[PDB]
Structures are given as structure tokens and as C-alpha cells.
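*Asks:* PDB, N, CA and C atoms, saved as run.pdb, coming up:
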```
ATOM      1  N   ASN Q  99       0.809  -1.241   0.000
ATOM      2  CA  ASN Q  99       0.000   0.000   0.000
ATOM      3  C   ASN Q  99       0.834   1.280   0.000
ATOM      4  N   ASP Q 100       0.197   2.425   0.222
ATOM      5  CA  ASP Q 100       0.889   3.704   0.158
ATOM      6  C   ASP Q 100       1.999   3.846   1.193
ATOM      7  N   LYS Q 101       2.012   2.992   2.223
ATOM      8  CA  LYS Q 101       2.708   3.275   3.501
ATOM      9  C   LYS Q 101       3.668   2.179   3.994
ATOM     10  N   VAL Q 102       3.549   0.973   3.435
ATOM     11  CA  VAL Q 102       4.242  -0.218   3.939
ATOM     12  C   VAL Q 102       4.545  -1.179   2.792
ATOM     13  N   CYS Q 103       5.817  -1.474   2.523
ATOM     14  CA  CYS Q 103       6.181  -2.435   1.463
ATOM     15  C   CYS Q 103       6.743  -3.758   2.035
ATOM     16  N   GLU Q 104       6.798  -4.809   1.205
ATOM     17  CA  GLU Q 104       7.209  -6.156   1.654
ATOM     18  C   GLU Q 104       8.477  -6.572   0.965
ATOM     19  N   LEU Q 105       9.357  -7.255   1.683
ATOM     20  CA  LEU Q 105      10.619  -7.687   1.113
ATOM     21  C   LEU Q 105      10.729  -9.192   1.140
ATOM     22  N   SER Q 106      10.976  -9.767  -0.039
ATOM     23  CA  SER Q 106      11.252 -11.200  -0.182
ATOM     24  C   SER Q 106      12.725 -11.453  -0.024
ATOM     25  N   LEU Q 107      13.101 -12.459   0.749
ATOM     26  CA  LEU Q 107      14.508 -12.633   1.065
ATOM     27  C   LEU Q 107      14.984 -14.044   0.793
ATOM     28  N   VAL Q 108      16.251 -14.133   0.387
ATOM     29  CA  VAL Q 108      16.984 -15.409   0.368
ATOM     30  C   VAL Q 108      18.395 -15.188   0.885
ATOM     31  N   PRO Q 109      18.886 -16.088   1.754
ATOM     32  CA  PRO Q 109      20.119 -15.743   2.470
ATOM     33  C   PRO Q 109      21.364 -16.001   1.650
ATOM     34  N   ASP Q 110      22.258 -15.028   1.641
ATOM     35  CA  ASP Q 110      23.570 -15.240   1.073
ATOM     36  C   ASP Q 110      24.408 -16.200   1.920
ATOM     37  N   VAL Q 111      24.164 -17.489   1.768
ATOM     38  CA  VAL Q 111      24.840 -18.455   2.595
ATOM     39  C   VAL Q 111      26.321 -18.323   2.408
ATOM     40  N   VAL Q 112      26.734 -17.919   1.234
ATOM     41  CA  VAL Q 112      28.151 -17.810   0.981
ATOM     42  C   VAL Q 112      28.721 -16.790   1.915
ATOM     43  N   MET Q 113      28.190 -15.584   1.846
ATOM     44  CA  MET Q 113      28.748 -14.453   2.570
ATOM     45  C   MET Q 113      28.707 -14.711   4.035
ATOM     46  N   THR Q 114      27.568 -15.229   4.442
ATOM     47  CA  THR Q 114      27.261 -15.387   5.825
ATOM     48  C   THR Q 114      28.302 -16.260   6.463
ATOM     49  N   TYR Q 115      28.533 -17.441   5.894
ATOM     50  CA  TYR Q 115      29.257 -18.500   6.608
ATOM     51  C   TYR Q 115      30.720 -18.785   6.228
ATOM     52  N   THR Q 116      31.271 -18.155   5.191
ATOM     53  CA  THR Q 116      32.550 -18.619   4.612
ATOM     54  C   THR Q 116      33.792 -17.775   4.835
ATOM     55  N   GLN Q 117      33.647 -16.661   5.533
ATOM     56  CA  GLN Q 117      34.750 -15.742   5.659
ATOM     57  C   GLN Q 117      35.890 -16.454   6.362
ATOM     58  N   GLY Q 118      37.087 -15.860   6.269
ATOM     59  CA  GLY Q 118      38.320 -16.429   6.786
ATOM     60  C   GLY Q 118      38.775 -17.765   6.229
ATOM     61  N   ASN Q 119      39.513 -18.490   7.049
ATOM     62  CA  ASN Q 119      40.209 -19.692   6.657
ATOM     63  C   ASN Q 119      39.318 -20.939   6.552
ATOM     64  N   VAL Q 120      38.006 -20.803   6.420
ATOM     65  CA  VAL Q 120      37.154 -21.957   6.728
ATOM     66  C   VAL Q 120      37.342 -22.960   5.654
ATOM     67  N   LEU Q 121      37.164 -22.490   4.428
ATOM     68  CA  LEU Q 121      37.096 -23.375   3.286
ATOM     69  C   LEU Q 121      38.359 -24.249   3.177
ATOM     70  N   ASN Q 122      39.517 -23.669   3.510
ATOM     71  CA  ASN Q 122      40.814 -24.325   3.357
ATOM     72  C   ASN Q 122      41.136 -25.468   4.343
ATOM     73  N   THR Q 123      40.160 -25.906   5.125
ATOM     74  CA  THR Q 123      40.386 -26.947   6.122
ATOM     75  C   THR Q 123      39.518 -28.160   5.889
ATOM     76  N   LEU Q 124      38.396 -27.940   5.226
ATOM     77  CA  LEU Q 124      37.637 -29.029   4.629
ATOM     78  C   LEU Q 124      38.598 -30.001   3.978
ATOM     79  N   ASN Q 125      38.300 -31.285   4.120
ATOM     80  CA  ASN Q 125      39.139 -32.303   3.521
ATOM     81  C   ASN Q 125      38.293 -33.306   2.783
ATOM     82  N   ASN Q 126      38.921 -34.005   1.839
ATOM     83  CA  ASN Q 126      38.293 -35.144   1.198
ATOM     84  C   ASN Q 126      37.167 -34.629   0.325
ATOM     85  N   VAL Q 127      37.403 -33.452  -0.242
ATOM     86  CA  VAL Q 127      36.453 -32.855  -1.148
ATOM     87  C   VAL Q 127      36.859 -33.107  -2.612
ATOM     88  N   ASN Q 128      35.901 -33.453  -3.470
ATOM     89  CA  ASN Q 128      36.155 -33.595  -4.902
ATOM     90  C   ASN Q 128      36.082 -32.244  -5.608
ATOM     91  N   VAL Q 129      37.225 -31.688  -5.985
ATOM     92  CA  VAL Q 129      37.205 -30.331  -6.491
ATOM     93  C   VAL Q 129      37.135 -30.361  -7.969
ATOM     94  N   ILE Q 130      36.653 -29.288  -8.531
ATOM     95  CA  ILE Q 130      36.113 -29.341  -9.838
ATOM     96  C   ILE Q 130      36.699 -28.211 -10.623
ATOM     97  N   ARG Q 131      36.964 -27.104  -9.963
ATOM     98  CA  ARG Q 131      37.756 -26.054 -10.556
ATOM     99  C   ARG Q 131      38.210 -25.264  -9.403
ATOM    100  N   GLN Q 132      39.409 -24.734  -9.482
ATOM    101  CA  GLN Q 132      39.899 -23.822  -8.470
ATOM    102  C   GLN Q 132      41.097 -23.106  -9.004
ATOM    103  N   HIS Q 133      41.645 -22.198  -8.223
ATOM    104  CA  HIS Q 133      42.906 -21.643  -8.618
ATOM    105  C   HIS Q 133      43.919 -22.262  -7.704
ATOM    106  N   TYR Q 134      45.181 -22.163  -8.100
ATOM    107  CA  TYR Q 134      46.238 -22.972  -7.510
ATOM    108  C   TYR Q 134      47.277 -22.024  -6.923
ATOM    109  N   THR Q 135      47.895 -22.400  -5.797
ATOM    110  CA  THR Q 135      49.077 -21.729  -5.251
ATOM    111  C   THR Q 135      50.241 -22.011  -6.143
ATOM    112  N   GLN Q 136      51.207 -21.109  -6.225
ATOM    113  CA  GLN Q 136      52.321 -21.360  -7.136
ATOM    114  C   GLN Q 136      52.695 -22.814  -7.082
ATOM    115  N   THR Q 137      53.004 -23.287  -5.899
ATOM    116  CA  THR Q 137      53.378 -24.673  -5.780
ATOM    117  C   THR Q 137      52.381 -25.625  -6.448
ATOM    118  N   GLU Q 138      51.082 -25.514  -6.153
ATOM    119  CA  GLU Q 138      50.118 -26.517  -6.607
ATOM    120  C   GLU Q 138      49.954 -26.328  -8.136
ATOM    121  N   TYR Q 139      50.410 -25.185  -8.653
ATOM    122  CA  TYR Q 139      50.254 -24.856 -10.087
ATOM    123  C   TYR Q 139      51.317 -25.575 -10.901
ATOM    124  N   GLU Q 140      52.571 -25.321 -10.574
ATOM    125  CA  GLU Q 140      53.659 -26.129 -11.093
ATOM    126  C   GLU Q 140      53.263 -27.608 -11.189
ATOM    127  N   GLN Q 141      52.695 -28.177 -10.130
ATOM    128  CA  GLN Q 141      52.325 -29.603 -10.142
ATOM    129  C   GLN Q 141      51.281 -29.990 -11.232
ATOM    130  N   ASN Q 142      50.315 -29.108 -11.447
ATOM    131  CA  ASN Q 142      49.219 -29.376 -12.358
ATOM    132  C   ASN Q 142      49.575 -28.725 -13.697
ATOM    133  N   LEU Q 143      50.762 -28.133 -13.796
ATOM    134  CA  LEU Q 143      51.087 -27.347 -14.993
ATOM    135  C   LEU Q 143      50.921 -28.151 -16.281
ATOM    136  N   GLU Q 144      51.375 -29.388 -16.285
ATOM    137  CA  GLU Q 144      51.284 -30.159 -17.492
ATOM    138  C   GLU Q 144      49.839 -30.251 -17.873
ATOM    139  N   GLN Q 145      49.013 -30.616 -16.908
ATOM    140  CA  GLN Q 145      47.615 -30.816 -17.212
ATOM    141  C   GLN Q 145      47.105 -29.534 -17.823
ATOM    142  N   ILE Q 146      47.371 -28.386 -17.202
ATOM    143  CA  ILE Q 146      46.644 -27.222 -17.713
ATOM    144  C   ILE Q 146      47.061 -26.968 -19.160
TER     145      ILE Q 146
ATOM    146  N   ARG F 147      41.851 -53.667 -17.101
ATOM    147  CA  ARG F 147      42.940 -53.166 -17.923
ATOM    148  C   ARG F 147      42.555 -52.801 -19.334
ATOM    149  N   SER F 148      41.415 -53.320 -19.826
ATOM    150  CA  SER F 148      40.976 -53.093 -21.227
ATOM    151  C   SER F 148      39.756 -52.205 -21.473
ATOM    152  N   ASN F 149      38.844 -52.104 -20.494
ATOM    153  CA  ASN F 149      37.567 -51.380 -20.669
ATOM    154  C   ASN F 149      37.754 -49.885 -20.822
ATOM    155  N   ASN F 150      36.683 -49.151 -21.154
ATOM    156  CA  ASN F 150      36.792 -47.676 -21.192
ATOM    157  C   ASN F 150      36.485 -46.955 -19.871
ATOM    158  N   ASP F 151      36.415 -47.744 -18.808
ATOM    159  CA  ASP F 151      36.177 -47.255 -17.484
ATOM    160  C   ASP F 151      37.469 -46.739 -16.927
ATOM    161  N   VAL F 152      37.785 -45.491 -17.275
ATOM    162  CA  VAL F 152      38.887 -44.825 -16.634
ATOM    163  C   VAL F 152      38.775 -43.356 -16.874
ATOM    164  N   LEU F 153      39.384 -42.578 -15.969
ATOM    165  CA  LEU F 153      39.276 -41.136 -15.930
ATOM    166  C   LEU F 153      40.053 -40.445 -17.032
ATOM    167  N   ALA F 154      39.460 -39.390 -17.588
ATOM    168  CA  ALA F 154      40.039 -38.701 -18.740
ATOM    169  C   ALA F 154      41.390 -38.202 -18.388
ATOM    170  N   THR F 155      42.287 -38.363 -19.331
ATOM    171  CA  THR F 155      43.668 -38.114 -19.057
ATOM    172  C   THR F 155      44.282 -37.492 -20.293
ATOM    173  N   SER F 156      45.284 -36.626 -20.105
ATOM    174  CA  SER F 156      45.818 -35.864 -21.217
ATOM    175  C   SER F 156      47.221 -35.378 -21.025
ATOM    176  N   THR F 157      48.142 -36.241 -20.643
ATOM    177  CA  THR F 157      49.339 -35.700 -20.009
ATOM    178  C   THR F 157      50.509 -36.671 -20.039
ATOM    179  N   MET F 158      50.457 -37.562 -21.014
ATOM    180  CA  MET F 158      51.504 -38.542 -21.221
ATOM    181  C   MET F 158      52.714 -37.759 -21.670
ATOM    182  N   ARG F 159      53.893 -38.285 -21.321
ATOM    183  CA  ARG F 159      55.205 -37.710 -21.654
ATOM    184  C   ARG F 159      56.233 -38.834 -21.560
ATOM    185  N   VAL F 160      57.400 -38.629 -22.153
ATOM    186  CA  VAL F 160      58.356 -39.694 -22.110
ATOM    187  C   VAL F 160      58.907 -39.706 -20.702
ATOM    188  N   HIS F 161      58.665 -40.798 -19.992
ATOM    189  CA  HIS F 161      58.944 -40.788 -18.578
ATOM    190  C   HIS F 161      60.313 -41.336 -18.335
ATOM    191  N   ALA F 162      60.678 -42.299 -19.153
ATOM    192  CA  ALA F 162      61.884 -43.050 -18.922
ATOM    193  C   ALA F 162      62.335 -43.705 -20.195
ATOM    194  N   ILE F 163      63.648 -43.797 -20.354
ATOM    195  CA  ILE F 163      64.206 -44.561 -21.452
ATOM    196  C   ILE F 163      65.257 -45.598 -21.082
ATOM    197  N   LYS F 164      65.019 -46.837 -21.500
ATOM    198  CA  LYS F 164      66.054 -47.863 -21.489
ATOM    199  C   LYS F 164      66.574 -48.039 -22.932
ATOM    200  N   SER F 165      67.841 -48.430 -23.094
ATOM    201  CA  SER F 165      68.423 -48.708 -24.416
ATOM    202  C   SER F 165      69.395 -49.890 -24.379
ATOM    203  N   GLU F 166      69.186 -50.870 -25.271
ATOM    204  CA  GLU F 166      70.192 -51.913 -25.578
ATOM    205  C   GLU F 166      71.018 -51.309 -26.663
ATOM    206  N   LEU F 167      72.239 -50.923 -26.328
ATOM    207  CA  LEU F 167      73.159 -50.345 -27.303
ATOM    208  C   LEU F 167      74.073 -51.361 -27.988
ATOM    209  N   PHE F 168      74.177 -51.194 -29.291
ATOM    210  CA  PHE F 168      75.151 -51.902 -30.081
ATOM    211  C   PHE F 168      76.387 -51.087 -30.032
ATOM    212  N   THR F 169      77.378 -51.681 -29.444
ATOM    213  CA  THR F 169      78.400 -50.872 -28.872
ATOM    214  C   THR F 169      79.733 -51.365 -29.378
ATOM    215  N   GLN F 170      79.716 -52.590 -29.885
ATOM    216  CA  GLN F 170      80.847 -53.193 -30.556
ATOM    217  C   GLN F 170      80.334 -53.905 -31.804
ATOM    218  N   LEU F 171      81.096 -53.809 -32.881
ATOM    219  CA  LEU F 171      80.662 -54.359 -34.137
ATOM    220  C   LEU F 171      81.524 -55.529 -34.554
ATOM    221  N   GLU F 172      81.055 -56.227 -35.568
ATOM    222  CA  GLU F 172      81.687 -57.406 -36.124
ATOM    223  C   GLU F 172      81.474 -57.180 -37.625
ATOM    224  N   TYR F 173      82.256 -57.836 -38.473
ATOM    225  CA  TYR F 173      82.201 -57.583 -39.895
ATOM    226  C   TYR F 173      82.133 -58.904 -40.624
ATOM    227  N   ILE F 174      81.305 -59.023 -41.658
ATOM    228  CA  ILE F 174      81.429 -60.206 -42.488
ATOM    229  C   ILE F 174      81.760 -59.795 -43.891
ATOM    230  N   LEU F 175      82.951 -60.218 -44.265
ATOM    231  CA  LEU F 175      83.474 -60.007 -45.590
ATOM    232  C   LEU F 175      83.002 -61.142 -46.418
ATOM    233  N   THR F 176      82.199 -60.842 -47.419
ATOM    234  CA  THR F 176      81.643 -61.928 -48.204
ATOM    235  C   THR F 176      81.989 -61.677 -49.642
ATOM    236  N   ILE F 177      83.014 -62.403 -50.092
ATOM    237  CA  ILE F 177      83.438 -62.405 -51.492
ATOM    238  C   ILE F 177      83.315 -63.816 -51.965
ATOM    239  N   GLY F 178      83.450 -64.002 -53.279
ATOM    240  CA  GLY F 178      83.114 -65.258 -53.941
ATOM    241  C   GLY F 178      84.340 -66.014 -54.426
ATOM    242  N   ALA F 179      85.301 -66.141 -53.530
ATOM    243  CA  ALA F 179      86.586 -66.691 -53.861
ATOM    244  C   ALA F 179      87.128 -67.342 -52.599
ATOM    245  N   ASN F 180      87.775 -68.494 -52.735
ATOM    246  CA  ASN F 180      88.287 -69.155 -51.545
ATOM    247  C   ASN F 180      89.617 -68.542 -51.083
ATOM    248  N   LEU F 181      89.544 -67.601 -50.147
ATOM    249  CA  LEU F 181      90.738 -66.938 -49.641
ATOM    250  C   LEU F 181      91.701 -67.917 -49.023
ATOM    251  N   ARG F 182      91.199 -69.060 -48.552
ATOM    252  CA  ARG F 182      92.020 -69.921 -47.700
ATOM    253  C   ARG F 182      92.938 -70.863 -48.560
ATOM    254  N   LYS F 183      92.997 -70.585 -49.876
ATOM    255  CA  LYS F 183      93.960 -71.242 -50.792
ATOM    256  C   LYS F 183      94.574 -70.350 -51.932
ATOM    257  N   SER F 184      95.416 -70.936 -52.784
ATOM    258  CA  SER F 184      96.495 -70.182 -53.443
ATOM    259  C   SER F 184      96.051 -69.213 -54.549
ATOM    260  N   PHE F 185      96.609 -68.009 -54.503
ATOM    261  CA  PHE F 185      96.160 -66.929 -55.366
ATOM    262  C   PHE F 185      96.784 -66.885 -56.728
ATOM    263  N   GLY F 186      97.925 -67.544 -56.883
ATOM    264  CA  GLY F 186      98.778 -67.291 -58.023
ATOM    265  C   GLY F 186      99.520 -65.973 -57.825
ATOM    266  N   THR F 187      99.916 -65.340 -58.931
ATOM    267  CA  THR F 187     100.650 -64.083 -58.901
ATOM    268  C   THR F 187     100.275 -63.276 -60.111
ATOM    269  N   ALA F 188     100.829 -62.070 -60.172
ATOM    270  CA  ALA F 188     100.385 -61.036 -61.108
ATOM    271  C   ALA F 188     100.172 -61.526 -62.541
ATOM    272  N   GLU F 189     100.928 -62.516 -62.976
ATOM    273  CA  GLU F 189     100.798 -62.953 -64.358
ATOM    274  C   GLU F 189     100.529 -64.446 -64.433
ATOM    275  N   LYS F 190     100.815 -65.166 -63.341
ATOM    276  CA  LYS F 190     100.350 -66.541 -63.131
ATOM    277  C   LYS F 190      99.193 -66.451 -62.160
ATOM    278  N   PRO F 191      98.082 -65.859 -62.592
ATOM    279  CA  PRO F 191      96.995 -65.677 -61.628
ATOM    280  C   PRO F 191      96.088 -66.909 -61.457
ATOM    281  N   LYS F 192      95.928 -67.400 -60.229
ATOM    282  CA  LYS F 192      94.934 -68.436 -59.924
ATOM    283  C   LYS F 192      93.616 -67.791 -59.395
ATOM    284  N   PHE F 193      92.463 -68.169 -59.975
ATOM    285  CA  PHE F 193      91.130 -67.676 -59.553
ATOM    286  C   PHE F 193      90.327 -68.806 -58.853
ATOM    287  N   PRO F 194      90.575 -69.053 -57.540
ATOM    288  CA  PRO F 194      89.877 -70.154 -56.845
ATOM    289  C   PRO F 194      88.417 -69.834 -56.537
ATOM    290  N   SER F 195      87.508 -70.649 -57.055
ATOM    291  CA  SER F 195      86.103 -70.468 -56.747
ATOM    292  C   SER F 195      85.926 -70.626 -55.231
TER     293      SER F 195
END
```
In C-alpha cells, what does this structure look like?

*Replies:*
Amino acid sequence: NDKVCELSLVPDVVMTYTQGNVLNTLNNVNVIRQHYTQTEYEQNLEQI
Amino acid sequence: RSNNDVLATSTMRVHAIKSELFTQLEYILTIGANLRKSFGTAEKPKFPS
């Protein structure tokens, strides 16, 4: 109405929960694309 | 070992080389004359089969 509007929401789960070092401690994950540290890059260099 | 059940791969390279080298030779002289008997001489020439 003239005086009160409604907001539909969906939570940014990414933003909310992932800050800092969290992601880098998960283990036994099947990764699918990522960027590599110099070291891990040299290792995958042939593949790329 | 034979099926197509395996993960895509793209990264073969020459990993290692072994070599059997021929490192000493031997020679076979093959002419059509019996060297092991008498030749004659420049004008008395013997031609041994």
C-alpha cells in the first residue's frame, strides 16, 4: 500500500558463513575447478 | 585393464628410457673366392672359386 512495502529474502549463505580460513580446512572434497598456489600450479602445470 | 572405465587423461610424456646399445661391431666379408687357398701371382693368376 501507500505506507508499507514487503521484502522477499533469500540468504547469502556464501557471505554469511565462509569468511576467513574456513574453506581451506575441509578435507576429502572432490574439487572441480579452483585456482592454484604457485606450488600446486607447477604440479598441475602439465595438465593445464 | 581393457575397458573404457577410466578417468580422462591428457598428459603422457616420455617418462623413462632404457636402451640396448650396439656398442661393438663385427664384420662379415663376403666375397666369392676361396681366400684360404692359393692366389697365383700377377701374371700366373689363380682364380679359386

*Asks:* Enumerate, as a list in words, the residues matched when the PyMOL selection byres ((chain Q) within 8 of (chain F)) is run on the file above.

*Replies:* residues 144, 145 and 146 of chain Q

*Asks:* At a cut-off of 8 Å, using all atoms listed in the file, what residues contact residue 178 of chain F? Leave out same-chain residues fewer than 5 positions from it and give the result as a list in words.

*Replies:*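 Residues meeting the cut-off are residues 193, 194 and 195 of chain F.
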
*Asks:* In Å to one decimal, how far is atom N of residue 108 of chain Q from atom CA of residue 125 of chain Q?

*Replies:*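 Going from atom CA of residue 125 of chain Q over to atom N of residue 108 of chain Q covers 29.4 Å.
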
*Asks:* Could you tell me how far atom CA of residue 147 of chain F lies from atom CA of residue 131 of chain Q, in Å and to one decimal?

*Replies:*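 Interatomic distance here is 28.6 Å.
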
*Asks:* Record the distance separating atom CA of residue 143 of chain Q and atom CA of residue 163 of chain F, expressed in Å with one decimal.

*Replies:* 22.6 Å

*Asks:* Give me, as a list in words, the residues of segment 104-145 of chain Q that a backbone DSSP run labels helix (DSSP H, G or I).

*Replies:*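 Matching residues, listed in order: residues 111, 112, 113, 114, 115, 121, 122, 123, 136, 137, 138, 139, 140, 141 and 142 of chain Q.
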
*Asks:* Could you rebuild segment 168-185 of chain F with N, CA, C and O atoms and give me the result as an mmCIF file, in the frame of the given file?

*Replies:*
```
data_model
loop_
_atom_site.group_PDB
_atom_site.id
_atom_site.type_symbol
_atom_site.label_atom_id
_atom_site.label_comp_id
_atom_site.auth_asym_id
_atom_site.auth_seq_id
_atom_site.Cartn_x
_atom_site.Cartn_y
_atom_site.Cartn_z
ATOM 1 N N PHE F 168 74.177 -51.194 -29.291
ATOM 2 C CA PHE F 168 75.151 -51.902 -30.081
ATOM 3 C C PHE F 168 76.387 -51.087 -30.032
ATOM 4 O O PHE F 168 76.452 -49.939 -30.450
ATOM 5 N N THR F 169 77.378 -51.681 -29.444
ATOM 6 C CA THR F 169 78.400 -50.872 -28.872
ATOM 7 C C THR F 169 79.733 -51.365 -29.378
ATOM 8 O O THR F 169 80.729 -50.658 -29.344
ATOM 9 N N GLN F 170 79.716 -52.590 -29.885
ATOM 10 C CA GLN F 170 80.847 -53.193 -30.556
ATOM 11 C C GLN F 170 80.334 -53.905 -31.804
ATOM 12 O O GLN F 170 79.293 -54.565 -31.786
ATOM 13 N N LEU F 171 81.096 -53.809 -32.881
ATOM 14 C CA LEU F 171 80.662 -54.359 -34.137
ATOM 15 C C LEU F 171 81.524 -55.529 -34.554
ATOM 16 O O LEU F 171 82.547 -55.798 -33.969
ATOM 17 N N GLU F 172 81.055 -56.227 -35.568
ATOM 18 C CA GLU F 172 81.687 -57.406 -36.124
ATOM 19 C C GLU F 172 81.474 -57.180 -37.625
ATOM 20 O O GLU F 172 80.613 -56.388 -38.013
ATOM 21 N N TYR F 173 82.256 -57.836 -38.473
ATOM 22 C CA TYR F 173 82.201 -57.583 -39.895
ATOM 23 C C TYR F 173 82.133 -58.904 -40.624
ATOM 24 O O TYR F 173 82.804 -59.854 -40.221
ATOM 25 N N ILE F 174 81.305 -59.023 -41.658
ATOM 26 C CA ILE F 174 81.429 -60.206 -42.488
ATOM 27 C C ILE F 174 81.760 -59.795 -43.891
ATOM 28 O O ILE F 174 81.014 -59.122 -44.595
ATOM 29 N N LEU F 175 82.951 -60.218 -44.265
ATOM 30 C CA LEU F 175 83.474 -60.007 -45.590
ATOM 31 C C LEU F 175 83.002 -61.142 -46.418
ATOM 32 O O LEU F 175 83.328 -62.299 -46.137
ATOM 33 N N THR F 176 82.199 -60.842 -47.419
ATOM 34 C CA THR F 176 81.643 -61.928 -48.204
ATOM 35 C C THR F 176 81.989 -61.677 -49.642
ATOM 36 O O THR F 176 81.383 -60.815 -50.296
ATOM 37 N N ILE F 177 83.014 -62.403 -50.092
ATOM 38 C CA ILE F 177 83.438 -62.405 -51.492
ATOM 39 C C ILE F 177 83.315 -63.816 -51.965
ATOM 40 O O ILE F 177 83.103 -64.711 -51.148
ATOM 41 N N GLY F 178 83.450 -64.002 -53.279
ATOM 42 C CA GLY F 178 83.114 -65.258 -53.941
ATOM 43 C C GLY F 178 84.340 -66.014 -54.426
ATOM 44 O O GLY F 178 84.425 -66.484 -55.561
ATOM 45 N N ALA F 179 85.301 -66.141 -53.530
ATOM 46 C CA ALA F 179 86.586 -66.691 -53.861
ATOM 47 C C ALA F 179 87.128 -67.342 -52.599
ATOM 48 O O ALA F 179 86.958 -66.814 -51.501
ATOM 49 N N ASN F 180 87.775 -68.494 -52.735
ATOM 50 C CA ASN F 180 88.287 -69.155 -51.545
ATOM 51 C C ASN F 180 89.617 -68.542 -51.083
ATOM 52 O O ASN F 180 90.683 -68.902 -51.570
ATOM 53 N N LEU F 181 89.544 -67.601 -50.147
ATOM 54 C CA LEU F 181 90.738 -66.938 -49.641
ATOM 55 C C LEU F 181 91.701 -67.917 -49.023
ATOM 56 O O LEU F 181 92.889 -67.612 -48.920
ATOM 57 N N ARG F 182 91.199 -69.060 -48.552
ATOM 58 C CA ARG F 182 92.020 -69.921 -47.700
ATOM 59 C C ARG F 182 92.938 -70.863 -48.560
ATOM 60 O O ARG F 182 93.610 -71.774 -48.035
ATOM 61 N N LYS F 183 92.997 -70.585 -49.876
ATOM 62 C CA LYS F 183 93.960 -71.242 -50.792
ATOM 63 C C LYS F 183 94.574 -70.350 -51.932
ATOM 64 O O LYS F 183 94.322 -69.155 -52.003
ATOM 65 N N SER F 184 95.416 -70.936 -52.784
ATOM 66 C CA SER F 184 96.495 -70.182 -53.443
ATOM 67 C C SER F 184 96.051 -69.213 -54.549
ATOM 68 O O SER F 184 95.241 -69.530 -55.415
ATOM 69 N N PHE F 185 96.609 -68.009 -54.503
ATOM 70 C CA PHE F 185 96.160 -66.929 -55.366
ATOM 71 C C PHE F 185 96.784 -66.885 -56.728
ATOM 72 O O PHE F 185 96.250 -66.217 -57.610
#
```
